[PDB]
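Written out below as structure tokens is the structure these notes cover.
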Amino acid sequence: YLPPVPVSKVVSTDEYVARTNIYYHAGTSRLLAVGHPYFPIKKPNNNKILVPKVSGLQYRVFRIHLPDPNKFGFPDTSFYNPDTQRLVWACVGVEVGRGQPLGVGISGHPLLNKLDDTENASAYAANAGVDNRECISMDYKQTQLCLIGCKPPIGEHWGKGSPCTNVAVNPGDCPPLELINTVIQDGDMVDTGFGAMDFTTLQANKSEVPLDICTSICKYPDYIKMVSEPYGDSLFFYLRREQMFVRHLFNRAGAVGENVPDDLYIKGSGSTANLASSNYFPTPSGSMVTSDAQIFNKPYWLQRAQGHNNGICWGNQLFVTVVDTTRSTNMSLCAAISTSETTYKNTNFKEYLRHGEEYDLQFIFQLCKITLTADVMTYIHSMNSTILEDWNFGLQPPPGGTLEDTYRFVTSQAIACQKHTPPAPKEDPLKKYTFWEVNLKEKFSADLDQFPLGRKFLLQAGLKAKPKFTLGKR
Amino acid sequence: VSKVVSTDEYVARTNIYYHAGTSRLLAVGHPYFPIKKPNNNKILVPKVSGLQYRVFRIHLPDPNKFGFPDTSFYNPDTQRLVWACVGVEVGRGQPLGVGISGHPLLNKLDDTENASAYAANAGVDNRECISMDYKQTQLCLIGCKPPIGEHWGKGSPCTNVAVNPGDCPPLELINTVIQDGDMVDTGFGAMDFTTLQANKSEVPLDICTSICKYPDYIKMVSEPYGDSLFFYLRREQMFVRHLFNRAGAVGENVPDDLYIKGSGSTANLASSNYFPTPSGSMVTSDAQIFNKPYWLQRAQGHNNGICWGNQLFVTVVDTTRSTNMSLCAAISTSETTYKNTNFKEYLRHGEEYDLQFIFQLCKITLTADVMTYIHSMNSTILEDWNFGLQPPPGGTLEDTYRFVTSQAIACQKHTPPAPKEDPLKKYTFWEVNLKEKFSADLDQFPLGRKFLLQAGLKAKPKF
Amino acid sequence: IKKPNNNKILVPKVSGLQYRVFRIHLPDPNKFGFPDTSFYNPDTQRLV
Amino acid sequence: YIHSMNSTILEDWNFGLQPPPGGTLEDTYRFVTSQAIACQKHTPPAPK
Numbered sequence: 012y013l014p015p016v017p018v019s020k021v022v023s024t025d026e027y028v029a030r031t032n033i034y035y036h037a038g039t040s041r042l043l044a045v046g047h048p049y050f051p052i053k054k055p056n057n058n059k060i061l062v063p064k065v066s067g068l069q070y071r072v073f074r075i076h077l078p079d080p081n082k083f084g085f086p087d088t089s090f091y092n093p094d095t096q097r098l099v100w101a102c103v104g105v106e107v108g109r110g111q112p113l114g115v116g117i118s119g120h121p122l123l124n125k126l127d128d129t130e131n132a133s134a135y136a137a138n139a140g141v142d143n144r145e146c147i148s149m150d151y152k153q154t155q156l157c158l159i160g161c162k163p164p165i166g167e168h169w170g171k172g173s174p175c176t177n178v179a180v181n182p183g184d185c186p187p188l189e190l191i192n193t194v195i196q197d198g199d200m201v202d203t204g205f206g207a208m209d210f211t212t213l214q215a216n217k218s219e220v221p222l223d224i225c226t227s228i229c230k231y232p233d234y235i236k237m238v239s240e241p242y243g244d245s246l247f248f249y250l251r252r253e254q255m256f257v258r259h260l261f262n263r264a265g266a267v268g269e270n271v272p273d274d275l276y277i278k279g280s281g282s283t284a285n286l287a288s289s290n291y292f293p294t295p296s297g298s299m300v301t302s303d304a305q306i307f308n309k310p311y312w313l314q315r316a317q318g319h320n321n322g323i324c325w326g327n328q329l330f331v332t333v334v335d336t337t338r339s340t341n342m343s344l345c346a347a348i349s350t351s352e353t354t355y356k357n358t359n360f361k362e363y364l365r366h367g368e369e370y371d372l373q374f375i376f377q378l379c380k381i382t383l384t385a386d387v388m389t390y391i392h393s394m395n396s397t398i399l400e401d402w403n404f405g406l407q408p409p410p411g412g413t414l415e416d417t418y419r420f421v422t423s424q425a426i427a428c429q430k431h432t433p434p435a436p437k438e439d440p441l442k443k444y445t446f447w448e449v450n451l452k453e454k455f456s457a458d459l460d461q462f463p464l465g466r467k468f469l470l471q472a473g474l475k476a477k478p479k480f481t482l483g484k485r
Numbered sequence: 018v019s020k021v022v023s024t025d026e027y028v029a030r031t032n033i034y035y036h037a038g039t040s041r042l043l044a045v046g047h048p049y050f051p052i053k054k055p056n057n058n059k060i061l062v063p064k065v066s067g068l069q070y071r072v073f074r075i076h077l078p079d080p081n082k083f084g085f086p087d088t089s090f091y092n093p094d095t096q097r098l099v100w101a102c103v104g105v106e107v108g109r110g111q112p113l114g115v116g117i118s119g120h121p122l123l124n125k126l127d128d129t130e131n132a133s134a135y136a137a138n139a140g141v142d143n144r145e146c147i148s149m150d151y152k153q154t155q156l157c158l159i160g161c162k163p164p165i166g167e168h169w170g171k172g173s174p175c176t177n178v179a180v181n182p183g184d185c186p187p188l189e190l191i192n193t194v195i196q197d198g199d200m201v202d203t204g205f206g207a208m209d210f211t212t213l214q215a216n217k218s219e220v221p222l223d224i225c226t227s228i229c230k231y232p233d234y235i236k237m238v239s240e241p242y243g244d245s246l247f248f249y250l251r252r253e254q255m256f257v258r259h260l261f262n263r264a265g266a267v268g269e270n271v272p273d274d275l276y277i278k279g280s281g282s283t284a285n286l287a288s289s290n291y292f293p294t295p296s297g298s299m300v301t302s303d304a305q306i307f308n309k310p311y312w313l314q315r316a317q318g319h320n321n322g323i324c325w326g327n328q329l330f331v332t333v334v335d336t337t338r339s340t341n342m343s344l345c346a347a348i349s350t351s352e353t354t355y356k357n358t359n360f361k362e363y364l365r366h367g368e369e370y371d372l373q374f375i376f377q378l379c380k381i382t383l384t385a386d387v388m389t390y391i392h393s394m395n396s397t398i399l400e401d402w403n404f405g406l407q408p409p410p411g412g413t414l415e416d417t418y419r420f421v422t423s424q425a426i427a428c429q430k431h432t433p434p435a436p437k438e439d440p441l442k443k444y445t446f447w448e449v450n451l452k453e454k455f456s457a458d459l460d461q462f463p464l465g466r467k468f469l470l471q472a473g474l475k476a477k478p479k480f
Numbered sequence: 052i053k054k055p056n057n058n059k060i061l062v063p064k065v066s067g068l069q070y071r072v073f074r075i076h077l078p079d080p081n082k083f084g085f086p087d088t089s090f091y092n093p094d095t096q097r098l099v
Numbered sequence: 390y391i392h393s394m395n396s397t398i399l400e401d402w403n404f405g406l407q408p409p410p411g412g413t414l415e416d417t418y419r420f421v422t423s424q425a426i427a428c429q430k431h432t433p434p435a436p437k
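Protein chains in written order, with full-length UniProt numbering: chain A, 12 to 485; chain B, 18 to 480; chain C, 52 to 99; chain D, 390 to 437.
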């Protein structure tokens, strides 16, 4: 309804939204974490962990919340009746601080699938034995990237799907592969260049790769999928950098999975008629870091983006994804169980492994208003109705009469508390999805000049009315 | 627009007033329990006492059907008519006197008011025959939605600790619609004794099975439209009389550090539980809230005396008339030497109210906002009106006739399901029909002329 | 009510005879949105 | 007069120091945790 008829050409978010005259910033200072690089340290008898597995290799998701435009007001509001009009945060600019010293903590595995070196063969190697696996480590591809939007980022991975049923499933068959997209979660594992997939399922050996990735299913972001969003709300911006190069050239150790056609060579003799393993694998090697590759510690100013979405954070909500390989340093240390004896005894000493983390979030914001027609209300509810859930705004559809309400009696009880300890209604439909959280809703300064970040923005766009305290000469 | 508005906005007041009312009421029953044939489940006598609550559902006929001496002043197309309730009365004819109740086996230890010596040891089944008076109370409740009560009750405990037999059940606050026949508080609080009291002897008969309930003014008035009640009045009083003990195994011992260990007779701790004996006080002719007119102009809710769906509610409870007349019949009229074996004893109990209602007539103009706002409030209202349409279906049907002719066309007629109108039909309670009783004159009635007297403008023919 | 060996309360002691204090916080009105705030200056002024 | 009455009042507002400059200019905010190994943010007492 309303007079004209439903033409299908979308509006881009700077159509209806209006940019206010006023700006803000707040944010947390920093964060830490420690952890063991390889695996979590737990109470051995229990299943509960004393320590989680932690590394820079872990995708770190971050989700931030903002105060209500209606409840949280501001020094000059003059421009709106809350009846017909509402307000929304807009994200003009973003920072990421990283304060660690830069270095690599690497990793490896105590049993690695390996056969031989293919680089220079001075003799024909032996034949497949029983469990020749060995203890080997490797560096990883270096990577830096940043992700910003109101919907979570969406990665992808390989997986084993169900094959169409023809060949009777035989243990040891080559399993079918399938390419699967999924939401990114916290603690998730960067690719090593060995691909986003499930090793533990798809590799029965489990010894093919270092511990960290062997456990989990690594994921990789899809620009194709994500940016495809005709809203732009998944992500309206990003940057990325990565590098890799080859180091060593090896063979797999195990029974040949799928045989080589013999017509591809000429028949051998002695042990040369015995085909050594044809499965080769490269050795990824991280490269030299630099000071200038950092995509961090530097301001960005995001005005136009690829989607209709322009810098709008719907539902008081904003996301950031961060990937750094530079700070991956894992420090080693030991405490001696006996400090008496003056002779060095490896048994006296238990070496220990911990890892650092540091982070910053500092967020400019510009406030914004919406004028409401049904047309407006149509699209958004059409777009996503949940935004007309939390925010009525003030209104259900333009009648928007109240609900003959339930006003809550749960406030304290007799130890009944299923007025809910099985908690309150609605949800985050993504609440199941684990990832890290911070509330800023308390922090906002009314003027920027207090902070190092902001004044840059005052500097960047220049000062219209420069701060004047009538000090200095009069 | 959101945010409910004062009904006097869109409603307009007319120039016409009407009156109707029942002739009267007179009720008889047994106070303590209902009577039924011993083998049968059918009631021989219904249980009746003043202590029981009284609900009154009062229908009105749709005024839009009610032709006026001049109907021209409105258009039946664009508009409707809905009744406004200006003023309300409650008649009571019984002579004022107080009833009473008790129980033949009452859990009791001893008198705690004065003790010259430490008590004895609890035996088995020391319960006694003792009675007490209930708190005096008067209240009145008026509105277009059912009066909302509340009570304590047992909820589902947290599942952590395994409940052993005799453990303390957790407690819960439970709203419900108020039903007729339910019991006033005795001062023992609104809850279900049946569930939370296994002894069944902890209170006098009348309330033992039922659930005493009490109106929660907050949640009631908390309704946005006020349609639960737009008005009320309340009076009650109580004072203490006796001080007793519960007799039974102690559920939870007192921490010893709260006292000093005794010895001999003082070694055993007497029952810790005390419960009061509530007492009604002197009744008076002055505090009666009945037999006197009321005038409802402005209420707490945005609803101003608007009765939606031709429906209006009255909830009235009083203990002042609780008088229980006792009577006796003789099984043998011969002997002149009296014998207690000769007489059967019975208890019957009277009840009398009366109802007279003013009404004012009101028209509603429509727009979309109007139509929606109501439909927002309660859409069932428009159903009883003629607006909301609702195109029907129905292209074709195949009648095959005839069916009892047993060449089989299928087996067929399945659509009774919607005589159903009252959603509260599950709730049984007192009923009255005024629909016939309207009249267009306030002069011929005792009540009405006061309405004129108050607002003035006596207008009567000449003689 | 408390577990007999424990020091932790099983049930809180409650009776009408107990006094009741109520502390009531308000949020700072100097952060708080008004349909029109221009009637004052947040610099030279305050709100309580 | 206010500072006479109760000085703690001026703290909760702005107005940290007597005429119109502003600021408590040593360093302010810090957090050392997230997940649980290192001895918690609450090993130090609550200052406020």
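Note that beta-carbon positions come from the ideal geometry of N, C-alpha and C, so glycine has one too.
Practice problem: Figure out for me which residue from B:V238, B:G318, B:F205, B:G473 has the closest Cα to the Cα of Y418 (chain A). | Solution: Indexing the first sequence from 1 puts residue 418 (chain A) at position 407. The shortest Cα separation from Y418 (chain A) among B:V238, B:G318, B:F205, B:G473 belongs to B:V238.
Exercise. Alpha carbon to alpha carbon, how far is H47 (chain A) from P55 (chain A)? Give it in angstroms, no decimals.
Key: Within the first sequence, numbered from 1, the residue matching residue 55 (chain A) stands at position 44. Within the first sequence, numbered from 1, the residue matching residue 47 (chain A) stands at position 36. Each residue's Cα considered, the two are about 15 Å apart.
Quiz item: Of the residues that make up the region 132-151 of chain B, which ones have a beta carbon closer than 8 Å to any beta carbon in chain A?
Solution: none
Quiz item: If we count Cβ pairs, one from each stretch, closer than 8 Å, do we get three or more for the region 165-172 of chain A versus the region 32-45 of chain A?
Solution: no
Quiz prompt | Beta carbon of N124 (chain B) nearer than 8 Å to that of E219 (chain B) | solution = By one-based count along the second sequence, residue 124 (chain B) stands at place 107. By one-based count along the second sequence, residue 219 (chain B) stands at place 202. Yes, the Cβ-Cβ distance between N124 (chain B) and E219 (chain B) is below 8 Å.
Practice problem: Report yes or no: is there a C-beta of chain C within less than 8 Å of the C-beta of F376 (chain A)? | Solution: Your numbering for residue 376 (chain A) matches position 365 in the first sequence. False, the Cβ-Cβ gap to chain C never drops below 8 Å.
Exercise. Would you tell me roughly how many angstroms separate the C-alpha atoms of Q111 (chain B) and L372 (chain B), rounded to the nearest one?
Key: Here residue 111 (chain B) is taken as the residue at index 94 of the second sequence, counted from 1. Here residue 372 (chain B) is taken as the residue at index 355 of the second sequence, counted from 1. Between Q111 (chain B) and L372 (chain B), the C-alpha separation is close to 15 Å.
Exercise. Please decide whether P63 (chain A) counts as near chain D, where near means a Cβ-Cβ distance under 8 Å.
Key: The count along the first sequence starts at 1 and reaches residue 63 (chain A) at position 52. Yes, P63 (chain A) counts as interfacial toward chain D.
Quiz item: Can the beta-carbon of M208 (chain B) be found less than 8 Å from the beta-carbon of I224 (chain B)?
Solution: Taking the second sequence and counting its residues from 1, one reaches residue 208 (chain B) at position 191. Taking the second sequence and counting its residues from 1, one reaches residue 224 (chain B) at position 207. It is not a contact, given that the beta carbons lie outside the stated cut-off.
Quiz prompt | chain D contact for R97 (chain C) (CB, 8 Å cutoff) | solution = Your numbering for residue 97 (chain C) matches position 46 in the third sequence. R97 (chain C) counts as touching chain D.
Self-check item: Every unbroken alpha helix (DSSP H) within the region 368-442 of chain B, with a cutoff of 4 residues, ordered by chain
Solution: 385-394, 397-401
Quiz item: Are the C-beta atoms of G84 (chain C) and some chain A residue less than 8 Å apart?
Solution: The residue you call residue 84 (chain C) lines up with position 33 of the third sequence. Yes, because at least one Cβ of chain A sits closer than 8 Å to the Cβ of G84 (chain C).
Quiz item: Does DSSP classify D94 (chain A) as helix, strand or coil?
Solution: Taking the first residue of the first sequence as 1, we reach residue 94 (chain A) at position 83. Coil at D94 (chain A), not helix or strand.
Quiz item: In chain C, what lies closer than 9 Å to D401 (chain A) by C-beta?
Solution: One-based indexing of the first sequence puts residue 401 (chain A) at position 390. Near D401 (chain A) there are no residues of chain C at all, since even the closest Cβ is about 17 Å away, more than 9 Å.
Quiz item: Taking the Cβ atom as the reference point for each residue, do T422 (chain A) and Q96 (chain A) lie within a distance shorter than 8 Å?
Solution: Here residue 422 (chain A) corresponds to residue number 411 of the first sequence, with the count starting at 1. Here residue 96 (chain A) corresponds to residue number 85 of the first sequence, with the count starting at 1. No.
Quiz item: Should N357 (chain A) be flagged as near chain C, meaning a C-beta pair shorter than 8 Å?
Solution: Numbered from 1 along the first sequence, position 346 holds the residue referred to as residue 357 (chain A). Chain C contact via Cβ: absent.
Quiz item: Mind listing which residues of the region 25-48 of chain A have their C-beta closer than 8 Å to chain D's C-betas, in chain order?
Solution: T39, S40, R41, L42, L43, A44, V45, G46
Quiz item: What is the C-beta distance between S66 (chain A) and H366 (chain A), in whole angstroms, given that I count them as a contact (C-beta under 8 Å)?
Solution: Translated into the one-based positions of the first sequence, residue 66 (chain A) becomes position 55. Translated into the one-based positions of the first sequence, residue 366 (chain A) becomes position 355. Confirmed, Cβ separation roughly 6 Å.
Exercise. Just grab the DSSP bridge partners of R71 (chain B) for me.
Key: On the second sequence, residue 71 (chain B) is found 54 positions in, with the first residue counted as 1. The partner list for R71 (chain B) (beta bridge, DSSP) reads B:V333.
Exercise. Assuming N131 (chain B) contacts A264 (chain B) (C-beta within less than 8 Å), just tell me the rounded distance between them.
Key: The residue you call residue 131 (chain B) lines up with position 114 of the second sequence. The residue you call residue 264 (chain B) lines up with position 247 of the second sequence. Not quite, the Cβ-Cβ distance comes to about 18 Å (not below 8 Å), so this is no contact.
Exercise. Check each candidate in A:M342, A:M255, A:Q328 and name the one with the smallest Cα separation from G297 (chain A).
Key: Walking along the first sequence from the start, residue 297 (chain A) turns up at place 286. It is A:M255.
Quiz item: Of all Cβ atoms in chain A, is any one closer than 8 Å to the Cβ of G119 (chain B)?
Solution: Reading the second sequence from its first residue, position 102 is the one you call residue 119 (chain B). Cβ-Cβ to chain A under 8 Å: no for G119 (chain B).
Practice problem: To the nearest angstrom, report how far apart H392 (chain D) and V99 (chain C) are at their CA atoms. | Solution: For the purposes of this step, residue 392 (chain D) is identified with residue 3 of the fourth sequence, where counting begins at 1. For the purposes of this step, residue 99 (chain C) is identified with residue 48 of the third sequence, where counting begins at 1. Computed Cα separation, rounded: 16 Å.
Exercise. Would you mind listing the beta strand (DSSP E) stretches within the region 153-207 of chain A that are 3+ residues and don't spill past its ends, in chain order?
Key: 153-160, 165-170, 189-194
Quiz item: Who are the neighbours of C175 (chain B) on chain A, taking C-beta pairs under 7 Å?
Solution: Here residue 175 (chain B) refers to the residue found at position 158 of the second sequence. Under the 7 Å cutoff, chain A gives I426, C428.
Practice problem: Mind listing the chain C neighbours of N92 (chain A)? Cutoff is C-beta to C-beta under 9 Å, in chain order. | Solution: Taking the first residue of the first sequence as position 1, residue 92 (chain A) is located at position 81. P86, listed in chain order.
Quiz item: DSSP beta-bridge partners for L313 (chain B)?
Solution: Position 296 of the second sequence, counted from the start, is the residue given in the question as residue 313 (chain B). Bridge partners of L313 (chain B): none, in fact.
Practice problem: With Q461 (chain A) as the anchor, note down where its beta strand (DSSP E) starts and where it stops. | Solution: On the first sequence, residue 461 (chain A) is found 450 positions in, with the first residue counted as 1. Note, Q461 (chain A): premise wrong, no beta strand (DSSP E); not H, not E.
Exercise. Starting from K361 (chain A), follow the alpha helix (DSSP H) in both directions and report where the run begins and ends.
Key: Your numbering for residue 361 (chain A) matches position 350 in the first sequence. Per DSSP, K361 (chain A) belongs to no alpha helix (DSSP H); it is in the beta strand (DSSP E), 360-366.
Quiz item: Using the C-alpha atoms, what's the distance from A427 (chain D) back to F73 (chain A)?
Solution: The count along the first sequence starts at 1 and reaches residue 73 (chain A) at position 62. The count along the fourth sequence starts at 1 and reaches residue 427 (chain D) at position 38. Each residue's Cα considered, the two are about 21 Å apart.
Quiz prompt | Close Cβ partners of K230 (chain B) (< 6 Å) along its chain, the five nearest in sequence each way excluded | solution = Counted from its first residue, the second sequence places residue 230 (chain B) at position 213. Excluding residues within five positions, the ones whose Cβ falls inside 6 Å are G166, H168, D199, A207.
Quiz item: For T389 (chain A), which residues in chain B fall below 7 Å Cβ to Cβ?
Solution: For the purposes of this step, residue 389 (chain A) is taken as residue 378 along the first sequence, with counting starting at 1. Correct list: empty, because the minimum Cβ distance to chain B is about 17 Å.
Exercise. Could you check which residue in A:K430, A:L451, A:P478 has the C-alpha nearest to that of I191 (chain B)?
Key: For the purposes of this step, residue 191 (chain B) is taken as the residue at position 174 of the second sequence. Selected option, being the one with the closest Cα: A:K430.
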